[PDB]
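Only heavy atoms go into these numbers, but all of them, side chains included; no hydrogens, no water, no symmetry mates. Atoms within each ligand, like the ligands themselves, are counted from 1 in listed order. Chain naming here is simple, since letters A, B, ... match the order of the sequence lines and numbering starts at 1 in each.
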Amino acid sequence: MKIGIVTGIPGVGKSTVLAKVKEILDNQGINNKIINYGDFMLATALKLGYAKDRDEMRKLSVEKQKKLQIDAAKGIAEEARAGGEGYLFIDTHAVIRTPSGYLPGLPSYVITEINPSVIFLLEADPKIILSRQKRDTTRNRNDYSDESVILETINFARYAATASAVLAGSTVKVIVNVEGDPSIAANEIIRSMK
Amino acid sequence: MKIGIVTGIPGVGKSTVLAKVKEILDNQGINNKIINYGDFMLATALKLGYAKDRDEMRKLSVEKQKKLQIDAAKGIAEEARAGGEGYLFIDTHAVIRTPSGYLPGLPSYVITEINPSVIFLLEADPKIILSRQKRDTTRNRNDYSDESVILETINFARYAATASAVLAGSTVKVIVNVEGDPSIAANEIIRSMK
Amino acid sequence: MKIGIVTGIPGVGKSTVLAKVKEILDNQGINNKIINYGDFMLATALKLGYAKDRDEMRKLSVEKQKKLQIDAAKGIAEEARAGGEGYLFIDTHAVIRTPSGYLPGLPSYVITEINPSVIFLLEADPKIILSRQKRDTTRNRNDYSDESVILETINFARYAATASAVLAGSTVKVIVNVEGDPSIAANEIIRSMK
Ligand SMILES: Nc1ncnc2c1ncn2[C@@H]1O[C@H](COP(=O)(O)O)[C@@H](O)[C@H]1O
């Protein structure tokens, strides 16, 4: 399975687009799997003892976390080798905004274990992302004060994703998520895996 | 020792802010060391005959600067091991303007010796930085002619620091140094270390 | 020999600038070699039987191209150590635009084998790049639709070149290619190599 990492800053509509990518690939009868990196990390944590739930996993020693990310990364690469023909997409972050600053989602020890073909950056107009902050308060962590915060996050995601791309030899692709339709992004993503 | 790297372009008030961090951590009795990267570079340079003053080290061939960089990094790595517990702040740069172009302050061979937790980008409005540079003649710097050169250097600092963050697994925090109030930045810096 | 990597996005006048670097150095009797990374790749293909022309080379498996990229990188490093004093310049790309997104021209497994001192980024005004687009069809590049795509390509190139510079510890030099005279750029390239 050819691997593609789909990243997006909160509010871009990454879950809707991913739902559309699966729907379109199933309809063409094309083998595909969509893995949520955080969920697979937790699954990995459960299988190897490290922790029994998220809070437990999150309050873990930095040296343990780095091991766990490596094992999850190795695990996902296995899933891809085992699934044969198809497309495996990872749903993760290029950068995670934290109070302590931007944390790269694909650091060297993770990215070179996975070796993806493509890293996607889901972007939209900062205005459209601010509207999707108060329109759908399905988490509402209201971290995006003004659009200058969104812009800055977009940019750090761009810098971090390219640095991860340079490490693995993968391409970086910007995909605009159209407000109306999620199918535009979904087809651009599918076109890129060809 | 928990390492935090504090970078900033010349004129952001890196020192002002760093003094205030020592004040605040000394006053609450927390063990903290503040090392200036360039001071360690100059020591090694002086003993080898490469340069006499800090403002000439950046004019050196890329290969000599690389040598000083590795030596300094090995030194600071040693001081961090003999610190036991508490916060170590490395006062340095994300990028160094040189006749040969921008030299990354935290290349892979430096990042592997230190392994910071957080990498800070101290920033300020370019107009405010342009002024601060003319008020200091214990340094100088004729390369910061207009506001265009400062923007471009703030950007390369961002690109470079994020690439370094991605290699290390560390976070990158942009801190605005509020004109006239070093304690804001100093406190964001302290909170981010927790 | 000191290694310099000269990159530019299509349409900046890189081959012209590279010719002046050769003439100015010849008329100074400085030893210099100017290698095209893809050509060196092609050469290694032939002498290993993989491919026979640029066209059949660009069709090879991903694992095969990667093979060619490493050996070519290693090879170019031997050529520079063998060549004694002097300046070796590699003409390649910082990023390449592909249907899958931006492909880093200097991934880790390549930049760490070459270990340049300088990575140059030739830029020009977007308008100028477009102006040369209608003017020459040695090629006929109809990929640059508008100036916003030129801008994006430029930033990705900076992002990637900086990341590559952080892995090898090389500088990143932006060189503006002036439209009237290609010597402004070649003198800067040469100055930067001292
Ligand atoms: N991490 C670094 N890598 C390379 N050169 C550095 C680094 N940190 C500082 N320098 C150099 O040391 C000089 C003085 O440091 P500063 O006193 O903090 O300006 C700089 O202008 C650079 O020439």
Side-chain angles (χ1 to χ4, degrees), chain B residues 3-19 21-22 33-48 50-77 79-80 88-116 118-122 129 132-133 136-144 149-150 153-154 156-157 159-161 163-165 167-168 170 172 177, chain C residues 117-118 162 165-173:
Chain B
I3 316 100
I5 310 273
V6 179
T7 77
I9 55 160
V12 309
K14 211 161 40 99
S15 51
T16 312
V17 174
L18 274 150
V21 178
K22 201 204 180 29
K33 212 185 273 184
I34 293 176
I35 298 181
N36 162 298
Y37 201 95
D39 295 343
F40 282 46
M41 281 171 61
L42 204 31
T44 309
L46 247 8
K47 281 203 183 101
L48 307 176
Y50 292 8
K52 293 287 275 215
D53 74 301
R54 73 202 308 119
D55 281 27
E56 184 201 319
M57 254 198 317
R58 96 169 132 288
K59 259 96 156 120
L60 299 182
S61 80
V62 167
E63 11 302 286
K64 299 213 211 94
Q65 305 195 49
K66 284 174 82 171
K67 220 263 224 70
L68 302 183
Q69 243 183 352
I70 307 183
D71 209 276
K74 307 265 225 10
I76 301 186
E79 217 113 330
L88 167 44
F89 297 90
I90 301 167
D91 170 1
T92 191
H93 301 257
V95 279
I96 295 76
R97 309 201 78 252
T98 86
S100 294
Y102 295 105
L103 174 82
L106 308 161
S108 62
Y109 55 77
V110 169
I111 266 311
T112 80
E113 294 304 319
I114 280 137
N115 266 298
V118 182
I119 293 174
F120 304 97
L121 295 165
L122 251 336
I129 287 162
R132 272 188 257 224
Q133 296 229 230
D136 196 40
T137 321
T138 28
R139 238 87 205 8
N140 239 123
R141 233 55 123 80
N142 317 135
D143 56 320
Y144 292 86
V149 179
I150 290 135
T153 303
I154 271 137
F156 278 85
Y159 321 144
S164 287
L167 258 183
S170 106
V172 200
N177 187 4
Chain C
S117 308
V118 185
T162 300
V166 167
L167 300 171
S170 93
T171 52
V172 189
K173 224 295 212 320

Closer than 4.0 angstrom: is that true for some heavy atom of B:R54 and an atom of ligand 1? yes
Tell me, which protein residue and heavy-atom name are nearest atom 3 (N) of ligand 1, and how many Å apart are they? B:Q69 NE2, 3.1 Å
To check your reading of the model: name the closest protein heavy atom to atom 11 (C) of ligand 1, its residue, and the distance in Å. B:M57 CE, 4.1 Å
Region of B:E56 engaging ligand 1 - heavy atom pairs below 4.0 Å: neither
Test item: B:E56 side-chain N/O and B:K52 main-chain N/O as donor-acceptor pair under 3.5 Å: yes
Distance only, no hydrogens: is a donor on one side chain within 3.5 Å (strictly under) of an acceptor on the other, for B:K66 and B:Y109? no
Any idea which of B:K14, B:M41, B:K59 brings a heavy atom closest to atom 6 (C) of ligand 1? B:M41
So, does C:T171 use its side chain to make a donor-acceptor pair with the main chain of B:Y102 at under 3.5 Å? no
Provide, to 0.1 Å, the distance between atom 21 (O) of ligand 1 and the closest protein heavy atom, together with that atom's residue and name. B:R58 NH1, 3.3 Å
What I want to know is whether B:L106 and ligand 1 share at least one N or O pair that is separated by under 3.5 angstrom. no
The closest protein heavy-atom partner of atom 19 (O) of ligand 1 is B:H93 NE2, 3.1 Å
To the closest 0.5 Å, what do you measure between OG (B:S100) and CZ (B:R58)? 13.0 Å
Tell me whether B:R141 is salt-bridged to B:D136, with the criterion being a basic N under 4.0 Å from an acidic carboxylate O. no
Supply the atom-to-atom distance B:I9 CD1 to B:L122 CG, rounded to the nearest 0.5 angstrom. 10.0 Å
When distances are taken from atom 8 (N) of ligand 1, the protein heavy atom at minimum range is B:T92 OG1, 2.9 Å
Under 4.0 Å from one or more heavy atoms of B:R141, ligand 1 contributes atoms 21 (O)
When you measure from the heavy atoms of B:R97 to every atom of ligand 1, does any distance fall below 4.0 Å? no
Looking only at N/O atoms, are B:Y37 and ligand 1 under 3.5 Å apart anywhere? no
Would you indicate which of B:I96, B:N36, B:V95 comes nearest to atom 22 (C) of ligand 1 when only heavy atoms are counted? B:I96
Nearest 0.5 Å please: distance from the OG atom of C:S117 over to the NZ atom of C:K173. 13.0 Å
Taking B:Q69's backbone N and O only, do any of them form a donor-acceptor pair with B:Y37's side chain (distance below 3.5 Å, no angle check)? yes
Hey, which atoms in ligand 1 end up nearer than 4.0 Å to a heavy atom of B:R139? 16 (P), 17 (O), 19 (O)
Give a yes or no answer on whether the side chain of B:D71 reaches the backbone of B:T44 with a donor-acceptor pair at less than 3.5 Å. no
